[PDB]
Amino acid sequence: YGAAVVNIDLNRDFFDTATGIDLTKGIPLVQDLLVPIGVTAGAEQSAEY
Amino acid sequence: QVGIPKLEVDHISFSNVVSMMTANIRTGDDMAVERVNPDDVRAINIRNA
């Protein structure tokens, strides 16, 4: 009782940090894989998706 | 008759109407701009003239 909202997330227990994935934001986010060239710092972040 | 140009003839005239600014033209408000670089160097359109 009182559960405000119930989502269907990717399983962090399965897609562990050992996978390099970071699910806390609600999307997978693997750093330093498909990083773009020739852009300002912080512009890499969308490619983490 | 209309007045003869001073430069037309060989006389020396030691009084003349000199145009001049009322004050210094270097106010000190030099122009300054905001250059803002391309976001991605790869994305620039070199093409088309």
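Each reported figure results from applying straightforward, stated rules to the coordinates on display, with no laboratory input. Positions of Cβ are generated from backbone atoms using ideal geometry, with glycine treated the same way; all protein chains shown enter the neighbour counts.
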*For A:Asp22, enumerate residues with amide H under 5 Å from its amide H, sequence gap 5+ or separate chain, H modeled in the peptide plane.*
A:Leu29, A:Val30
*Any idea what diffusion coefficient the protein assembly as shown gets from Stokes-Einstein, in µm²/s, Kirkwood Rh on alpha carbon pairs, 37 °C, 0.692 mPa s?*
146
*Would you calculate the separation in nanometres between label points at A:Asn7 and B:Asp29, each defined as 7 Å from the Cα along the Cα-to-beta-carbon direction?*
5.3
*Taking the highest mean first, how do the peptides B:31-37, A:7-13, A:20-26 order by number of other beta carbon atoms within 10 angstrom per residue?*
A:20-26, A:7-13, B:31-37
*Quick one: give the max-minus-min coordinate of the C-alpha atoms of chain A along each principal axis, largest first, in Å.*
51, 23, 12
_Positive-end extreme of charge dipole, chain B - chosen from B:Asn37, B:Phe14, B:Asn48 (charges on Cβ)_ = B:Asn48
*Diffusion coefficient, µm² s⁻¹, Stokes-Einstein with Kirkwood Rh over alpha-carbon pairs of chain B at 20 °C and 1.002 mPa s*: 117
*Under the Karplus relation 6.51 cos²θ - 1.76 cosθ + 1.60, θ = phi - 60°, what is the ordered set of whole-Hz ³J(HN,Hα) values for segment B:25-33, x standing for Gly and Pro?*
7, 8, 5, x, 7, 5, 5, 9, 10
